[PDB]
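Engineer: Sending over a structure as structure tokens; questions will come in a sec.
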Amino acid sequence: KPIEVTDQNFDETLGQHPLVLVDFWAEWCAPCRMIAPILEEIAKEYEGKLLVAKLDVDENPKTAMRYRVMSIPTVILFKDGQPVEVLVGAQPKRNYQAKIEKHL
């Protein structure tokens, strides 16, 4: 299931896993709350080929600034440490699946 990433371990995490789905979120964000359980389902469906990670923008402002994520929820998929897909806003599971399988 989804793990927590910080400004400190963000890079290490991306370099240790081939495909990582990172959720930029915040506690006060309703749309974010809506996709959390959806991302958990995503985590299990792709367990083994994908790692789901969560980045709280309030505790990690430099990381949000880094990717200029100024509207949440924003999900970024990284392949071999490099960003390859972005999903802005709360979306149905199928939209995430499409972009995930697009990279196996």
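Every number here is computed from the coordinates shown, using simple stated rules; none is lab data. Don't worry about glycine lacking a Cβ; one is built from the backbone with ideal geometry, like all the others, and counts go over all protein chains shown.
Engineer: Out of all the residues in region 57-79, is one or more at positive phi and in contact with a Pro (Cβ under 8 Å, 6 or more places away or on another chain)?
Structural biologist: no
Engineer: Now a separate question. Which strands (runs of 3 or more DSSP E) sit wholly inside the chain and have at least 1 residues that are surrounded by fewer than 19 Cβ atoms within 10 Å (Cβ to Cβ), over 11 Å from the mean Cα position of the chain (by Cα) and not hydrophobic (A, V, I, L, M, F, W, C)?
Structural biologist: Strands (runs of 3 or more DSSP E) meeting the threshold: 74-79, 82-88.
Engineer: State which residue pairs qualify: first residue under 12 Å from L51 (Cα atoms) and inside region 13-40, second residue assigned to a loop (DSSP other than H, G, I, E, B) and of a type in the set (V, I, T) in any location, beta carbons under 9 Å apart, and separation of 6 or more residues or different chains.
Structural biologist: Final answer for the pair search is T13/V5; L14/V5; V20/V5; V22/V5; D23/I72.
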